[PDB]
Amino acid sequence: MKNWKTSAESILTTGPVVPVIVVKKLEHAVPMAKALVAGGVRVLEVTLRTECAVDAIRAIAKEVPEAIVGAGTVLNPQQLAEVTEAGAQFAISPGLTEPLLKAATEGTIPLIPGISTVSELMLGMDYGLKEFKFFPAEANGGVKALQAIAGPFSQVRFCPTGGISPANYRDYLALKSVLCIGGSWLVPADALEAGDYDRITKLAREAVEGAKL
């Protein structure tokens, strides 16, 4: 993608699972990141759903070089600019709009936007993108929906997210159109609100092993 030195494809094929992270207390950012890395998970999506989000991204970026940190829930060019300055390596949006696609295209980091319909995918393809997030996965119609929607597009790859759990992420990873999935079970709130990092690491390891066929 001309202006992106790091391809969206490389972000999505780094591992089978990209954790959708919600960090409430900035102090838990780094240890949580190092914990995930300890469990074999290197691409971390920090969602812009909390006050400390961007700060969390900046911290992880400077302190956990063994992890590729990025931003999630990026809804517009303003937020894209913010996470880019904070050090995010990639951006994930739950959906897409032309202003976001355009600023991302002209930007320096890869954006992996979510889509729910073929028209949304085609719009994204008009901007040169080939990797997308399928969100909300289950609500969109699960594996069947993704299969139909991926049908007429052989070169497109997806990262299904939304309703994905240890019980069904294998069903998605099995699809040839899928590169990886997104899950929020790796960094449970309760576990993060207790400093139980050993628990996080184990969830990552299980997530990675549970993905290997």
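The first residue of the sequence shown is number 1, and the count goes up from there.
Q: Mean CA B-factor: is it higher for 199-207 or for 186-194?
A: The entry gives the higher C-alpha B-factor average to 186-194.
Q: Should the higher mean CA B-factor in the entry be assigned to 66-74 or to 141-149?
A: The entry gives the higher C-alpha B-factor average to 141-149.
Q: Test of reading the entry: by CA B factor among the chain's modelled residues, which third contains residue 45?
A: Answer is lowest: the recorded C-alpha B-factor places it there.
Q: Sort the modelled residues of this chain by their C-alpha B factor and say whether residue 26 lands in the lowest, middle or highest third.
A: Tercile = highest for this residue's CA B-factor.
Q: Going by the entry, which third of its chain does the Cα temperature factor of residue 57 land in?
A: Its C-alpha B-factor, which the entry lists for residue 57, ranks in the lowest third among residues of this chain.
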